[PDB]
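Summary of structural features
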2 protein chains.
Amino acid sequence: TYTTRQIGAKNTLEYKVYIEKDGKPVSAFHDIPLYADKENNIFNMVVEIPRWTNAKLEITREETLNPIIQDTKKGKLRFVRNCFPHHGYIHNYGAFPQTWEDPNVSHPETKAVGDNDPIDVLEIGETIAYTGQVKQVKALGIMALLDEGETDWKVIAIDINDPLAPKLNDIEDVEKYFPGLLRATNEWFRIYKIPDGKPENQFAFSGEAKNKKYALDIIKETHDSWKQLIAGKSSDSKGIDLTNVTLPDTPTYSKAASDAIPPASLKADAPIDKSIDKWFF
Amino acid sequence: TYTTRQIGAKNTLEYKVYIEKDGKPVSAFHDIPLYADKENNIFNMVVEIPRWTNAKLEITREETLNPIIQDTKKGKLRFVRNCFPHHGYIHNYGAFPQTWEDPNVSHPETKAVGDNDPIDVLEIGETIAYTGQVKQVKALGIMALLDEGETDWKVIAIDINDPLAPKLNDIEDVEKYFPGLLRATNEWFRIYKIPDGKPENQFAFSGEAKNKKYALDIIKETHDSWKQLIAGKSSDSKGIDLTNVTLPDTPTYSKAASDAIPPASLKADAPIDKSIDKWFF
Ligand SMILES: [Mg+2]
Ligand SMILES: [Mg+2]
């Protein structure tokens, strides 16, 4: 829940970022609490992709302790392209740990199976985050994205330490203080894959940002799917590595899975190919 | 017209970049030829600010060999803030060398004088340029901002090496291949001071980007102004250091000025304050 272990250089096939709790790698999927404060609904967010970057960095579902590694496409690193007027991702992009978009069941809101990942979070605060960061966020609302035909909810969140956090308590506050951001988000996740030769995505509810209560309800849903999956009780865990070092009541618990992770070998960020500069229109 | 030499660490009051021709520093204002190909109107552009950065960099007209440094006001380094939905600068921002906007001369359709600087160039191509880079661009059109009694033209240009450059020749082609970029340009120059406590800027021709010929006329005007300037014939070259190392009959020729320039610095970029992350709405 605590620090970062970087293997290799950023923008490179060798790159991994493990999350450390007390110097030791924990599973970024399973081993980080959903709640930093269940009492006040403060969540733990795992940051994957800083605002205004392109490299498609993910918690890897099939790698032990699920380090963040860059996605690849036929072997080549994957970057999201710049879709005018936007530069890379327009949110600090991450996941709530201990949640799962159930791929095996059709979700009633969207009429589709889940995308088989943690539930995604758009943290809208002013400071750009870093990969591997665990931060504390509160939920403002939620958008029902169908990303390539899979239920792919996007939680709208704000860092608890953001200057604006006190003023932001529900989704109406985001339009109030961040005018046009939600419209832009609706647009961004519709179009961000056209440059890749893929179709426009879709939203349920015409892309309406559902409120905090609705967000809490859906996060709850994805948490319970995760509790089944991590219990070994999913109909299909879809090849996910459920090795964890904090949850002893689960079949795949192993404290020294941590020990077998290589030590940090941070190198300077490799250069990104110049083509990733291009602004698509 | 060749390489760069950086003195200082980037994002620092000490920071300066020089253009080198074959290892040796020349004036970025005076020694880079305006035309890379006159008869075809291919100009050499001096790039000051990469697209999607914040630091307000500029050729100094008052320093010898006129290095690119960061603007300051009352001792504080100057950055442009992030104005939604824009991230920093939305063009590669540069100037044409061997041009100058005579403050002692006035336009009538744009009732306003020179701002005493080289003409500003917005290069609209896909690759993000580097500070001090000299690229070959073609002019497509020109907008006229009206900063207090002085006409601030902005040539709209594209890199000659850009994949799209053959398809682009006049201002309507920007509307064709870069839909929305013109209105963004228009919006950005209008608001980009509002976060700095300033008013909204103000366009001539009701924000109309006039065409290639209109740009060629202006550009060629400001070269003729520079010509009388460098020849020592100018009415008022207050504050302009006209030192140059390639024009051997000018009053201000001095090869030794190249020789005087410190070696390139071995300092990593200074950190930028996280307040610059902020997205302003
Ligand atoms: Mg997802
Ligand atoms: Mg100017």
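Residue labels used throughout are counted from 1 along each chain in written sequence order rather than taken from the entry, whose numbering may differ, and residues without coordinates are not included. Each chain gets a letter, beginning with A, and each ligand a number, beginning with 1, in the order they are written. Hydrogen atoms and water are omitted, and side-chain values are computed over all heavy atoms in the structure.

Method of determination, as given in the entry header: X-ray crystallography; reported resolution: 2.10 Å.

Under the PDB entry, the name given to chain A is INORGANIC PYROPHOSPHATASE, and the organism recorded is Saccharomyces cerevisiae. UniProt positions are given in the numbering used here, feature names are shortened, and annotations may be inferred rather than shown by experiment. Per UniProt, chain A has the following entry under Cofactor: "Mg(2+)". Taken verbatim from the UniProt record of chain A, the Subunit comment is "Homodimer."

In this section: unusual backbone geometry. The amide bond that connects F84 of chain A to the next residue, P85 of chain A, takes the cis arrangement and shows omega of 5°. In this structure, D22 of chain B takes a positive phi of about 60° despite not being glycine. Secondary structure counts use DSSP, requiring at least four H or I residues in a row for a helix and at least two E residues in a row for a strand, with both numbered from the N terminus. Considering the arrangement of structural elements, one finds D22 of chain B in the loop between β2 (16–21) and β3 (24–26). Think of it in three bands: with a 1.4 Å probe and only protein chains considered, a residue is buried below 20% of the maximum accessible area for its type, exposed above 50%, and partly exposed in between. In this structure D22 of chain B comes out as exposed when scored by relative accessible area, which is 53%.

Here the focus is the coordination of the magnesium ion (ligand 2). All names here are of chain B. Every protein donor of the magnesium ion (ligand 2) is accounted for by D115 (OD), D120 (OD) and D152 (OD), and the metal-donor separations fall at 2.4 to 2.6 Å. Note on donors: an N, O or S atom is included if it sits within 2.8 Å of the metal, or within 3.2 Å for Na, K and Ca, and water is never included, so sites can look incomplete. Along the chain, the residues donating to the magnesium ion (ligand 2) fall in the pattern D-x4-D-x31-D. Here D115 is found in the loop between β13 (112–113) and β14 (120–123), whereas its partner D152 is found in strand β16 (residues 150–159), with 37 residues between them in sequence.

Counting residues at the interface gives 21 residues for chain A, matched by 21 residues for chain B. Accessible surface is computed with a 1.4 Å probe, and the buried area is the amount of it that two parts give up when combined, taken over both parts together. At the boundary of chain A with chain B, total buried surface from both sides reaches about 2,000 Å², with 71% on carbon and sulfur atoms. When residues of chain A are sorted by the area they lose upon contact with chain B, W52, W279 and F281 of chain A head the list and together hold 31% of the total. Think of a salt bridge as a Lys or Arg side-chain nitrogen and an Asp or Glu carboxyl oxygen that are within 4 Å of each other. For the pair chain A and chain B, the number of links is zero salt bridges. Under the rule applied, a polar contact is a pair of N or O atoms within 3.5 Å (in protein, one hydrogen donor and one hydrogen acceptor; residues adjacent in sequence only if both atoms are side-chain atoms). Where chain A meets chain B, there are five residue pairs in polar contact. Residues that form the side of chain A that touches chain B fall into these classes: twelve nonpolar, four polar and five charged. Any two residues whose heavy atoms approach within 4.5 Å at even a single point are treated as in contact. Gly counts as polar in this scheme, as do all residues outside two lists: the nonpolar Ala, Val, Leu, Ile, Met, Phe, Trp, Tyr, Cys and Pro, and the charged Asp, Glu, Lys and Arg.

Only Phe, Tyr and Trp rings take part, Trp by its six-membered ring, and two of them pair if their centres are within 6.5 Å. Stacked means planes under 30 degrees apart, edge-to-face means over 60, and tilted covers everything else. Inspection of every chain in the model, using the stated rule, returns 31 aromatic pairs over all chains. An angle of 50° between the planes, with centres 4.9 Å apart, marks the rings of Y89 of chain A and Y93 of chain A as tilted. Here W188 of chain A and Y192 of chain A contribute two aromatic rings whose centre-to-centre distance is 4.6 Å and whose plane-to-plane angle is 20°, an arrangement assigned as stacked. Given a relative accessible area of 2%, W188 of chain A falls into the buried group. Residue class for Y192 of chain A comes out buried when judged on its relative accessible area of 5%. Pairwise contacts between aromatic rings join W52 and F178 of chain A together with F84, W279 and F281 of chain B into one cluster. The rule is short: NZ of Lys or CZ of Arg within 6 Å of the ring centre and within 35 degrees of the ring normal puts a charge over the ring. Of note, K210 of chain B hangs over the ring of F205 of chain B, and the distance from its end group to the ring centre comes to 4.5 Å.

Moving on, we come to the sheet that holds strand β16 (residues 145–147) of chain A. Residue and element names in this part refer to chain A. Pairs of strands are assigned from DSSP output, requiring at least two bridges between the strands. An order of β17-β16-β19 is seen for the three strands of this open sheet, with the pairing classed as antiparallel. Looking at which strands have only one partner, the edges of the open sheet turn out to be β17 (150–151) and β19 (202–203). Sheet analysis places β16 next to β19, joined by two bridges and oriented antiparallel. If you follow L145 over to β19, its bridge partner there is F203.

This paragraph deals with the relation of the copies chain A and chain B. For the pair chain A and chain B, the superposition axis carries a translation of 0.4 Å, the fit reaches an RMSD of 0.8 Å, and the rotation angle comes to 177°. Such a turn and shift between the copies fits a two-fold axis. Here the copies are fitted together by least squares on their C-alpha atoms.

Turning next to the UniProt feature "active site" in chain A. Residue and element names in this part refer to chain A. The UniProt feature table records "active site" at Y89. Along the chain, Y89 turns up in the loop between β10 (82–83) and β11 (92–95). Contacts of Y89, omitting those with residues within four sequence positions, involve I49, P50, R51, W52, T53, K56, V80, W188 and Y192.

All names here are of chain A. On the protein side, the magnesium ion (ligand 1) has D115 (OD), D120 (OD) and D152 (OD) as donor atoms, found 2.4 Å from it. Positions of the donor residues of the magnesium ion (ligand 1), expressed as sequence spacing, correspond to D-x4-D-x31-D. Here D152 lies in the loop between β17 and β18 (154–159) and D120 lies in strand β14 (residues 120–123), a separation of 32 residues in the sequence. There is no split in this pair, since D120 and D152 are both buried.

A separate point is the environment of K16 of chain B. Residue and element names in this part refer to chain B. Within the secondary structure layout, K16 lies in strand β2. Taking C-alpha positions, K16 is 9.5 Å from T60, a pair spaced 44 residues apart along the chain. Here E63 takes part through its side chain, which lies 2.9 Å from a polar atom of the side chain of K16.

Here we come to the pairing of β18 of chain A. All names here are of chain A. The buried fraction of β18 is high, at six of six residues. Side-chain alternation along β18 places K154, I156 and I158 on one buried face and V155, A157 and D159 on a second face that is also buried. Across six bridges, the pairing between strand β15 (residues 134–143) and β18 is antiparallel. Bridging across to β18, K138 finds its partner in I158.

What follows is about the pattern of salt bridges. Residues and elements named next belong to chain A. One pass over the full model with this rule turns up 33 salt bridges over all chains. Across the pair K10 and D269 runs a salt bridge whose closest N-O atoms are separated by 3.1 Å. Remark: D269 occurs in the loop between β20 (265–267) and β21 (279–280) and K10 occurs in the loop between β1 (3–9) and β2 (16–21); sequence separation between them is 259 residues. With its nearest N and O atoms 3.0 Å apart, the salt bridge here joins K154 to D120. Of this pair, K154 sits in strand β18 while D120 is found in strand β14, placing the two residues 34 residues apart along the sequence. One exposure class covers both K154 and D120, and it is buried.

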